[PDB]
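Here is the structure we will look at.
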Amino acid sequence: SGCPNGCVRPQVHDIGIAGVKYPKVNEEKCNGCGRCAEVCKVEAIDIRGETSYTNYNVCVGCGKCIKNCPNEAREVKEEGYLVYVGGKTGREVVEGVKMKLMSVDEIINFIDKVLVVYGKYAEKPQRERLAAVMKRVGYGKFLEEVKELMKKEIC
Amino acid sequence: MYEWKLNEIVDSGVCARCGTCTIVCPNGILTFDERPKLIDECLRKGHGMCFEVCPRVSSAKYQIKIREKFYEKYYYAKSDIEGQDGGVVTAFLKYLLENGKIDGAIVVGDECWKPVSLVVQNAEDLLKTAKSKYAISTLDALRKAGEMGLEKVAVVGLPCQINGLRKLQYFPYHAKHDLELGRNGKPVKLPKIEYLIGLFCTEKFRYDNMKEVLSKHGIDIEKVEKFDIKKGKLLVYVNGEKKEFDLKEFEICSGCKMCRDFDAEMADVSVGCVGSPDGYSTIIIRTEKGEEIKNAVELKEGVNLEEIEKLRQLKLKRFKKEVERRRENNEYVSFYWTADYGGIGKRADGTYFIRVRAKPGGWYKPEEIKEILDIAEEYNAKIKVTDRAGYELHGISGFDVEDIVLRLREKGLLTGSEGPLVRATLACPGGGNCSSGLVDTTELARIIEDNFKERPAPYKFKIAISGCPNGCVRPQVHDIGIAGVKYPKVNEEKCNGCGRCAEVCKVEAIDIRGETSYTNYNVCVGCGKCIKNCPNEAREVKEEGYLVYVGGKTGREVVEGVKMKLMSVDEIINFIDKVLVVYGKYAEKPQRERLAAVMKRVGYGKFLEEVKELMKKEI
Amino acid sequence: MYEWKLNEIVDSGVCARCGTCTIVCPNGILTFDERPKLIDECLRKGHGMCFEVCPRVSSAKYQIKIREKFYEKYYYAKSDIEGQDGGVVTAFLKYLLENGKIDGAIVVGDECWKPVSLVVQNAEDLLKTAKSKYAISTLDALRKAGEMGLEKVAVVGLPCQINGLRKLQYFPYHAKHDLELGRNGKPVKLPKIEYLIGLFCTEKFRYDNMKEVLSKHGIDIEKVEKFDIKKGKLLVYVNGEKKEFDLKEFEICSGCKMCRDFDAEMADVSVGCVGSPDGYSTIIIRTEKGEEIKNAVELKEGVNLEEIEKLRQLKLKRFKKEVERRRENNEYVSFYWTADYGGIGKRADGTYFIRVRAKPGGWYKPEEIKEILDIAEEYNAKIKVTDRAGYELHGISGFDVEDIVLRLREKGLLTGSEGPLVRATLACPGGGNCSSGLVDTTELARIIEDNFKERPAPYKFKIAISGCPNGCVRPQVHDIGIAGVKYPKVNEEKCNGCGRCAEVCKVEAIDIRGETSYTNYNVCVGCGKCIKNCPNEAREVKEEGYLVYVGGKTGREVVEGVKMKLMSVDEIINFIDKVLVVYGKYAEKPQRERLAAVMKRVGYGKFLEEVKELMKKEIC
Ligand code: SRM
Ligand code: SRM
Ligand SMILES: Cc1cc2nc3c(=O)[nH]c(=O)nc-3n(C[C@H](O)[C@H](O)[C@H](O)COP(=O)(O)OP(=O)(O)OC[C@H]3O[C@@H](n4cnc5c(N)ncnc54)[C@H](O)[C@@H]3O)c2cc1C
Ligand SMILES: Cc1cc2nc3c(=O)[nH]c(=O)nc-3n(C[C@H](O)[C@H](O)[C@H](O)COP(=O)(O)OP(=O)(O)OC[C@H]3O[C@@H](n4cnc5c(N)ncnc54)[C@H](O)[C@@H]3O)c2cc1C
Ligand code: SF4
Ligand code: SF4
Ligand code: SF4
Ligand code: SF4
Ligand code: SF4
Ligand code: SF4
Ligand code: SF4
Ligand code: SF4
Ligand code: SF4
Ligand code: SF4
Ligand code: SF4
Ligand code: SF4
Ligand code: SF4
Ligand code: SF4
Ligand SMILES: O=S([O-])[O-]
Ligand SMILES: O=S([O-])[O-]
Ligand SMILES: [Ca+2]
Ligand SMILES: [Ca+2]
Ligand SMILES: [Ca+2]
Ligand SMILES: [Cl-]
Ligand SMILES: [Cl-]
Ligand SMILES: [Cl-]
């Protein structure tokens, strides 16, 4: 997905990627015009007097408030590709776990390692999806092995 | 030089000079005489409500029309009141005030023929405003009515003014948020616009230009008794004499050349001169509010429909000529009319994309795909396929959007599945196509499309039909999800414990024990594979049909829909309709609240209880 | 008139006249000379951070102390600088300014002995403030330092002022929200208080009262060279003579009679006169910031601890006398000291409830329950049992809260499991008690309680230990959940397909086929019933241990914890500690963000990979 609107459903895919751009407010430029709160679909912004704030427990990193600020008071706090793992749909819905921001090389390494650990622990081909194998061995055990194999990668 | 986003619309000359942008400002820092003007610095630099209500930024006609569901009833009439023609507009306003239908009337008066926006609460004061002012008018009195605290008002306006006021009424559906808050944290004070009376319109002029041109011909504007526009000529009645002037002698406002609306097509009732005899006014009723004019005047049938259509075409030809002239001279063009159609979006590079509403089941005829291919090659547009099995043409110029939509419409390819309405229904091949299909999905998708396609809703509404419990089109995360199911029961006389059924069960719900088999109904998803693949026909259908889910969604957050029950096709159609009615009744924030959010806020029990009550009343 | 919530504290005379409430106002509508005053209408009617920082509304000492982890190191010293005693406070401030430890010093100067709060950025200007002003002082210069844009400052204050400033430092932990926003939508501009230097204190007086009492004795307050308090008398040095006055001659501030803090127990370093020779200052170092005093003055051991404790007891006796007097005369009392203890809450009717931190496994000795029963009958309090297997005594008067807490403490019944800290660990009977128990839960709960009981965190933190996968204590919706698991494997040589194991499986994960049995590991929860109940011993242990979950929560919203892996007891203790460290590092909103919210915001992968990195680094 190019942004957090998840048009291609990154949260219910074996591996989901979503573009994110989190904001930070520059108090010297912000004047409390109130425009950013209008472009926020999740309503994560608070306009108070001559400034603005962001609730980071609600903010999804759509970056609309940075793009649409007429005074350029909103800057990029964090940016990149947010990754999810273990999502699935079909007979049952399983929400993928939010991992972290990853570089393209990290994403390729991560996809490869997840497939290696998935293949190593899968017991029932054509029945067990990644989510089922992750749940059975444990997300912590599964993901810590994925990380160990990622560190070993030299190509 | 106070920065103001709408300056591009005003400086380019695309501005209709309607004055809608200035009456909505919650800080009152905008003024309008013959053009918009900032009297103080805007902290947003005009990035607010003024830009969002502008009918020349975006018409927003598609989203307003599907909700207003305008119709056309042609009549003509005359009243005892002396007016521009039959005095119908004044007679209707007098009736609305007398019968307590409005607290006040927003009308255009004049001082030496210089227009003045007025709030009229007395029927006797209405007569002074009963004549056409061909100089630029404002909507300023609507703001005064708000400061006064008037609850309901009727507004007379030119097509451009009606368009801006319709954008104000349906603000969240196109703006995607609520009215802008001022410095005091409150939105603008405006009365509810109960009636929108539109006038037929060909053009308007600057007051000083009219006065100057009249002065050149030895006429003092202040002495003029009446004005009129007939067959491309301005009639001036002065000192008991009639003077004819060519309209080209006066300087037409640049925005009028960029206008497509002649008869004020979005008004509750439109009043004009064309198509009716002298001394009468043509009347086009389009809504139930406009119908009230039948109590104010005696309606007569026999309107000349061809004369009205000839003017519509002349105005459209003038518009096309102006748009072509701007293109050739590299002048700024705002493609505001692109919002007259569904399935239109703006790309990051400035060009447009046209979305073809996905066909039921993702099945496309060769004739249909060939048309999309021909357009793509002709306009050098990229072809995109959507995850709802729809098509999108990318890289379309604003000059070609309308031509492509109408060309696609002729071949049955309606553009849609965009905005706060029912999106394209997603169905899998299902029964008859897929070997796992248990129910028909193509005909059910066609029935749902025929009953709800492009239906307005507080926000996007997506329906998915699956042929079996594998949910390829995700019924569990759709506003309404349908899944074919076939639950098994074992016939002990025929079952011999061969063990074949347990192998075809992906969820492993079956137990093979000795000479029989069992099913764990807490695991069984009703795929019916064990019934189909039993070599001894020992498994039979226990229960069968369409399993329904409601309140699901995806996007920014995932919400799983609630499993309802098996439903018949008629029940499904009734259910979809009633879920939309209860969703619309309880939604508070259009373009932000999905069905799941409204269901969660009012409660699933309360919401679904009402859906059932409405379903029972249908029958 | 203009309504102000703190008027009850001020009008009753409980007010310490510390001036903390007025410096925090983001609208600057509060001023302080000798008592708080509104110079403009407050839209909140004083329902804001002026009331929330007040040390007389609530001390908030328990939540501040568990975070500051104060200790006590006694020393005495003298410096070259001439001061009230050894001039230690000025020598320390001079050192901090000279070595760039602070941008400025918040000190009390004077004009005719009328105290003046000052911002000092130069050492030469420090000498003018090196002397005790017994008239009411303010903290006004801290607001000036903020307007100046100073980043770090050192503040000298009386115990009451230190208490209010500690409440400002730990604002979110007791206020439950962030600093109040003014009309401009911004919080008060104040510098970071890097050092809090506390003074020993017995009392303070109104300036005009001091001046009038001295004038009546023929002494011009301007002519006075120095003041001093010793042996219940006020020494006045004027014209080369020491003129003694009884402290009763002057009118002690009513708030001083309600004071319990003599040695400024919450300061980074406390400086006083008692317990050290004349010309020296007693020094009590309590934090690593206070330790920096060793570089400013030559510390000497040999402080008379008994003299300091005598003063503490005299101040506490005076406090108890004043509280009893108010009770007998039906005067208003603010039970601000109830926040010195854990497990204290205020009921809807105005009385208090005392929460006994639940004992591990919900097991209570008869002596423990009998003590709770004796207290309930003596004070006519209602006995409540909590869903974490704790006890609560309801209907306690503010006058008896402290007595009950200390009485409970003597019998080993710690009051707690309240506030932003690690709550009582919830464990089921488990192994050895419950027939479904697979692991020991009672000893694990005791180990977790010994290592993390009442540990401060950004918000409440709850741990649950289940003996088997039935999750009686809900491990899947706890910040950290532990569940005993025992997964099976079938021995085909011993299995004969009798079918007994499928009957004991609640999840129906077993398949009986001919002369053997199978297990669906996507359904199996590891209850181990099939191993235990196999009559032919055909089922063996495949995997066994403590299954761990993290990021679970209940309350306003339900959040399911993520299944990690099997962990050893040492691994569990290391994991709980690391999760708390990473939770504290990334938490932005104390008393609002639970672990699950912080994990979701930074990402589960990023959060857990840091927990793992810190776990590998652990050597103890
Ligand atoms: C084209 C498509 C992506 C694709 O590669 O296929 C798409 C494209 C856009 N989506 Fe979408 N969405 C598309 C299917 C989806 C789906 C999946 C579905 O509907 O089958 C989702 C999540 C599923 C759901 O919503 O139930 C989806 C979640 C969104 C959201 C988040 C809405 C929400 O409730 O969270 C937005 C923005 C908004 O509504 O605020 C959005 C908005 C958009 C817009 C129009 C952005 C915008 O606001 O202007 C994107 C147009 C870009 C473009 O060039 O097309 N799009 N979008 C899909 C069009 C299918 C169609 O023909 O209708
Ligand atoms: C006594 C008890 C209920 C009971 O009948 O047993 C209780 C009582 C209160 N809880 Fe609780 N909570 C109690 C267990 C819980 C639990 C379950 C648990 O801890 O096992 C939850 C949800 C589980 C969880 O939080 O993970 C719970 C969720 C809350 C919340 C909302 C928590 C959240 O993050 O959403 C608050 C208020 C807040 O935190 O803002 C709260 C706050 C309170 C307060 C202190 C109200 C307050 O904000 O001051 C209540 C004290 C009233 C009184 O008279 O005791 N209480 N509270 C439980 C004390 C157990 C103990 O000894 O520690
Ligand atoms: C600038 C202009 C151009 C027009 N062009 C055409 C045309 O090309 N073809 C056609 O058939 N009809 C046109 N009309 C409409 C026509 O002139 C009559 O106004 C209409 O038929 C109603 O007549 P009536 O006697 O029923 O109205 P009346 O009873 O006389 O009431 C007239 C109403 O018009 C309103 N009004 C007058 N001037 C303005 C203005 N500038 N802006 C907004 N409201 C105003 C007044 O407030 C009043 O309520 C035009 C009107 C205007 C104002
Ligand atoms: C009102 C009052 C009562 C006291 N009562 C006792 C007591 O009963 N027993 C006891 O042992 N010690 C008491 N002290 C502490 C004692 O007076 C000395 O201030 C302390 O020993 C430090 O002296 P010094 O020479 O080391 O500091 P110095 O080098 O003299 O520095 C003194 C510091 O105290 C600050 N200061 C002075 N007056 C005030 C004030 N009103 N509020 C806040 N800061 C102030 C100055 O700004 C300066 O930074 C009291 C102090 C005060 C102000
Ligand atoms: S749009 Fe920009 S200037 Fe306006 S309130 Fe938001 S961050 Fe501040
Ligand atoms: S980045 Fe998006 S979700 Fe976050 S505060 Fe800005 S507009 Fe809202
Ligand atoms: S305050 Fe709002 S409505 Fe007024 S000019 Fe500015 S952006 Fe436009
Ligand atoms: S077209 Fe109307 S709303 Fe738009 S800028 Fe012009 S006067 Fe304002
Ligand atoms: S021609 Fe169009 S822009 Fe001009 S006044 Fe008429 S409706 Fe408005
Ligand atoms: S949902 Fe079922 S019937 Fe439809 S395509 Fe998928 S497997 Fe086939
Ligand atoms: S495939 Fe048919 S006959 Fe064989 S065990 Fe299953 S239900 Fe019985
Ligand atoms: S209908 Fe499908 S899910 Fe149910 S027992 Fe048969 S094969 Fe399994
Ligand atoms: S504005 Fe806030 S800090 Fe100031 S007096 Fe009012 S409530 Fe207290
Ligand atoms: S004790 Fe201190 S913070 Fe409280 S009201 Fe008095 S001066 Fe203000
Ligand atoms: S005795 Fe000292 S610390 Fe206590 S209130 Fe009085 S001045 Fe403050
Ligand atoms: S979690 Fe298991 S061991 Fe503990 S009480 Fe419940 S059934 Fe018994
Ligand atoms: S109870 Fe033991 S012997 Fe019997 S079927 Fe189960 S594993 Fe085999
Ligand atoms: S360990 Fe428990 S859940 Fe697993 S197969 Fe045995 S009885 Fe069933
Ligand atoms: O436009 S997306 O919501 O289908
Ligand atoms: O008392 S509640 O916060 O556990
Ligand atoms: Ca006419
Ligand atoms: Ca089975
Ligand atoms: Ca002394
Ligand atoms: Cl808009
Ligand atoms: Cl228009
Ligand atoms: Cl205090």
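When the header is checked for method, it gives X-ray crystallography, 2.3 Å.
Just so it is clear, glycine is given a Cβ too, placed from its N, Cα and C backbone atoms.
Positions annotated as [4Fe-4S] cluster 1 binding site by Swiss-Prot, on the basis of sequence analysis: B:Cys15, B:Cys18, B:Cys21, B:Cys25. Per Swiss-Prot, the feature [4Fe-4S] cluster 2 binding site maps to B:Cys428, B:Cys434, B:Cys468, B:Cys472. Taken from Swiss-Prot, the feature siroheme binding site covers B:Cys472. Annotation comment: Swiss-Prot describes B:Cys495, B:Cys498, B:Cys501, B:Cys505 as [4Fe-4S] cluster 3 binding site. Per Swiss-Prot, [4Fe-4S] cluster 4 binding site is recorded for B:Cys524, B:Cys527, B:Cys530, B:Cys534, and the stated evidence type is sequence analysis. Here Swiss-Prot flags B:6-35 as domain '4Fe-4S ferredoxin-type 1', drawing on sequence analysis. According to Swiss-Prot, the feature domain '4Fe-4S ferredoxin-type 2' maps to B:486-515. The domain '4Fe-4S ferredoxin-type 3' annotation in Swiss-Prot covers B:520-544.
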Within-chain partners of the domain '4Fe-4S ferredoxin-type 2' (B:486-515) [C-beta distance under 8 Å, separation at least 6 from its ends]: 438, 521, 523-544
Sorted by sequence, non-B:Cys524, B:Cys527, B:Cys530, B:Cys534 residues with Cβ within 8 Å of centre, [4Fe-4S] cluster 4: B:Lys486, B:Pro488, B:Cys501, B:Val504, B:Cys505, B:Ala509, B:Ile510, B:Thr519, B:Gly526, B:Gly528, B:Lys529, B:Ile531, B:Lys532, B:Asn533, B:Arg539
Sequence-distant neighbours of B:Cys498 ([4Fe-4S] cluster 3 binding site) in its chain (C-beta under 8 A, six or more apart): B:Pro535, B:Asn536
DSSP-derived class (H/G/I helix, E/B strand, else coil) of B:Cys527 ([4Fe-4S] cluster 4 binding site): strand
Top Cα neighbour of B:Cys527 ([4Fe-4S] cluster 4 binding site) in the set of binding-site residues B:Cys15, B:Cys428, B:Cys468, B:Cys501, B:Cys505: B:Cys468
Count of other CB atoms lying within 10 Å of the CB belonging to B:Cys472 ([4Fe-4S] cluster 2 binding site): 20
Near-C candidates in B:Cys434, B:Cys472, B:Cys495, B:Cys530, the binding-site residues, by Cβ under 8 Å: none
Of the binding-site residues listed as B:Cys18, B:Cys468, B:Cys472, the one whose CA lies nearest the CA of B:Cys501 ([4Fe-4S] cluster 3 binding site): B:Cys468
Pairwise Cα distance for B:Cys524 ([4Fe-4S] cluster 4 binding site)/B:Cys15 ([4Fe-4S] cluster 1 binding site) [Å, integer]: 64
Secondary structure tally of the domain '4Fe-4S ferredoxin-type 2' (B:486-515) (DSSP, helix then strand then coil): 5 helix, 9 strand, 16 coil
Cβ packing number for B:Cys428 ([4Fe-4S] cluster 2 binding site), 10 Å threshold: 27
Pairwise CA distance, B:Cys530 ([4Fe-4S] cluster 4 binding site) versus B:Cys18 ([4Fe-4S] cluster 1 binding site), rounded so that it is a whole Å: 69
Neighbour count (Cβ, 10 Å) for B:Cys505 ([4Fe-4S] cluster 3 binding site): 20
Cβ-Cβ neighbours of B:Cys524 ([4Fe-4S] cluster 4 binding site) (radius 10 Å): 19
Cα distance (Å, whole number) from B:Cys15 ([4Fe-4S] cluster 1 binding site) to B:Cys428 ([4Fe-4S] cluster 2 binding site): 48
Number of Cβ atoms other than its own within 10 Å, given for B:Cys21 ([4Fe-4S] cluster 1 binding site): 28
Around the Cβ of B:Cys434 ([4Fe-4S] cluster 2 binding site), the count of other Cβ atoms that are within 10 Å: 17
